[PDB]
Every structure is written in structure tokens, then in C-alpha cells.
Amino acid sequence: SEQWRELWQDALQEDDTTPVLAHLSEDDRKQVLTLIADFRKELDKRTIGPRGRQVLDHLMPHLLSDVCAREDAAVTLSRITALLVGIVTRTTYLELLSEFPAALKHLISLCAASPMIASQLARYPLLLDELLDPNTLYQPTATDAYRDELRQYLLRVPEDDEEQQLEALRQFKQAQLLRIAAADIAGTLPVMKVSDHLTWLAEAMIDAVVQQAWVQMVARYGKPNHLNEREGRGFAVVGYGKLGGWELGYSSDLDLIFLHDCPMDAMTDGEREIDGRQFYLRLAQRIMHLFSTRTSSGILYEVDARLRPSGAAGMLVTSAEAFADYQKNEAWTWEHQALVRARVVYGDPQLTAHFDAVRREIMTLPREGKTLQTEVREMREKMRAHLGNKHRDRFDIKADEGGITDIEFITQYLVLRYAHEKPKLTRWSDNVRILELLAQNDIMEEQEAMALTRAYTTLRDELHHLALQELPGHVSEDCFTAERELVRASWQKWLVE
């Protein structure tokens, strides 16, 4: 125990011969000693006060004894001191680290396992709350209780206070991401379920953002007056991309478009009367603002709205009737492709019905088979020239031949080709369930649809692991040769012949 105290006290001496570091390699011991020295020098540089220095001197022998005894000492300590350096100014956070040896133990365990978590806890130290209860730290929220949990997390927050409401949503998201990532790392949640949890989480957040925006708008303008005879809001959020496709990762954007079904002559019913439609545009804008603005705990989600009709040049919100017109009369095939993946993530039953029937009608357009196949193949190839890692010796899991986008395009291709003949193909928007549908409806043999499913979930789940390690989305060309061969052969089967 004395020797751990000395490792901290004689830190600057960087004594090579300390027994406590003998288990490590020369280089690793060298790195460990430097890390400790470097940290101690920061204290002198950040000129922290007496209370801080007292807690640190108590806490560091203990902290170093856990970390530095690990085989992975050098990497682990590097992640821990980056975290500490960020919080050495907050006495309370140190005080919490000392008063609770169990929260420290999990901090070290997690940071050793995952630089993603280390970074998050370094960026958002208020998450240290989560480390004080292993029962919740490693059991993430039931997929159907995200809305209830948010509700309960928002109780303390002044409902009149935009900035606190915003900050609270950001806190909630980071807490849930930590729990999700922590359960993955502990094996408490199967990796197969990570995208599922992230997706349920985003939907809860969307629900709460819309709610917050609506209250602000209704307070300024009153309600659009067409909303009689009608329980709900006449506004809809459609999710595209990974959101649509139940494929969210830890640091994903949300691809969203916004619909209304508001008449031209509708007005809001407050004394600050505005046009019904402008009320929704402003609603949409507020929502964007509530997702993207930066508070202490960062931003909530980056929102990408570029897939709306006409892209960046289109209205921020379209009527459902204009969305239908556009899809039938103007949209490119690549837009219809993208639409295979779209689903309503917020809206009332009327507008959901409107979207569903519109999309269903676009899916089941009769399309000339080879013309479509030619279109989808040409588009894939153009994407591949611009997207993903461009190095020959690497395999971009998403972007390269035999990767995820290949599978996605195979599924979108087949729904657009065959939905006219087999309308049940429209029923789900994610790859796993689309492949299932393609088998049930005799487009694809069961062996193939299952082989694409597994290759898909394997590749998608690798990306989750890579995220956890703050590694890029490309791996050695040695990797996943069976998955790629099977996806290439399907590509060749469906898209080239």
C-alpha cells in the first residue's frame, strides 16, 4: 500500500524500479510512468485549490493501484488521465470518486474496455451518476419504457424553461447511450439488440422534441383551426435512412422529413393569427432547432432533412397531397429506393394512413425489370466511386463490394421490382424483415434470404464494436471473406444477370 502512495508522491521522479510496475513491458512501464508524471504536472499548472489537492492525494494512490495492476495498464491509464484532466477543476466529482470505491471500480473497468465510453464520460462527467448503481448501469431500459423513463427524468425540470428542458434531453440521451454501450460491453445486452435500443431511444426523443416544439408554437400562435373533429396534431415525422431501417449506431444522424395535411385557408386560433401551413413550417424549424442546438451537454441529434421532396430547395414541410404528387410524378428511382426504408416515426392515425397508402402505392408501381436493375446497378457503382474508404488493402464494411450498402440495395431493388406482384413486400422497411418478406412471398429462397440476413447483422454489429473502440468503419481485407463472397454472389445473381 505504501508503494502505491509513493508511485503518486514520487511521480515526477518516474522511478523505473518500482515493484508495482514490474508486470509490464519496458515500454509499457515507461508509458505508465510518463502518464502519471504528466498528470501531476497538470495539477501544478491548473493551479487547483486545497480541497481538490487533498482529495486527489487520497484518491490517486487508490486509483493507480487498480489501473496500474491491470495488464492493459498503459492504454487504460491514458484514457483515465484524459478524463481526470477534464474534471480536476470540479472538487465534487473527485469527492464522489473517493467516497464511492465501487463507482471508481466501474469507471476503470469500462474505460479499459472501451475508449468510446472513456471519451463520453470525459466529455459528460455528470454521467458519473450512472456508475453509482451497477443494477441500472448494465441493465438498459426495456425497449417499451423509454418514453416513461424520459417522462420521469423530466419531472424536476421547469416546464417553462426551454434551455433546461433542452439540456435535460441531452442528459437523458447520453445516459441511455452509456447504459446501452455498457451492457453491450458486459455481455448483458446481445449486440444484435444494440440498433434496436438506439432506435427506440431516438423515437422517444423525437416524441419529446415534437411535444416541446408544439407547446412553444401553440403558446405563440394558438392551434391551427382545422384540428377539430381530430384528436391529433396534423403533423408527421417520417424516418428515412438508418432510423427508417432500424439500423442506428451510437453516433448516427437522424434522416427526417416532415408532413402536414393542412388546408390553405386554415388559420391559428390565437390572437397572433398565422396561416395554418406557416405554423407547421415554424413547428418543423423549432424541432430542427431543438435537436441541433448546443448546450452544456452538447447537441441532441444531427438532423439530415435532405431526402425531402426537392432536397435542400424543397419546403421544410410538405403537405401529404404534395408529397404524393411528387412521388408519383417527379421522384427518381433512387428516391423510391430511399422510400423503401421510410416509415412514420411520429404522427396521428390519419396522417400515418396517408403516408402508408402513399408509400404502398409507390412500392407497387409496375416497373420494367431490367430497366430498374440497370438503374439500381449504375447508381450503386456511382456511390461506390465516391463513398467509403478508398484503399485497396482495406474493406469498408458499409461501402465496399459485399458490404452493407450492397445488401440494402438488393432489398430495395427486389421490393421495387416485385411489390406490384406481391404487395406484402411493402410491410416492413428494415433489411432483416424485408428479407423475411422476400422469402415468405417466394421471391428469394429461404437459404439465401437467411444468409443475407446473417451477413447483414454480422456486418452491422461489427460496426457497433468498432464504434466502441473508436476505430474506423474499415477493416483488413482478410476479414469477413465468407460474408462478402455470399453478398457478391447475391449481387451478381440479382443485379447483373
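Quick note: we count residues from 1 along the sequence shown, nothing fancier.
- Higher mean CA B-factor, judged across 137-145 and 215-223 from the recorded values: 137-145.
- Mean C-alpha B-factor is higher over 400-408 than over the other stretch, the pair under comparison being 400-408 and 114-122.
- Highest CA B-factor among the listed residues (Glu462, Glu26, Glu470, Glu42): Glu42.
- Comparing the listed residues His354, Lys424, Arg294, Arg233, the entry records the largest Cα B-factor for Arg294.
- When the modelled residues of the chain are ordered by C-alpha B-factor, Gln492 sits in the middle third.
- The PDB entry assigns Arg53 a C-alpha temperature factor belonging to the lowest third of its chain's modelled residues.
- In the PDB entry, a CA B factor belonging to the highest third of its chain's modelled residues is recorded for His391.
- Ranked against the other modelled residues of its chain, the C-alpha B-factor of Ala11 as given in the entry falls in the highest third.
- Sort the chain's modelled residues by C-alpha temperature factor and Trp200 lands in the middle third, per the entry.
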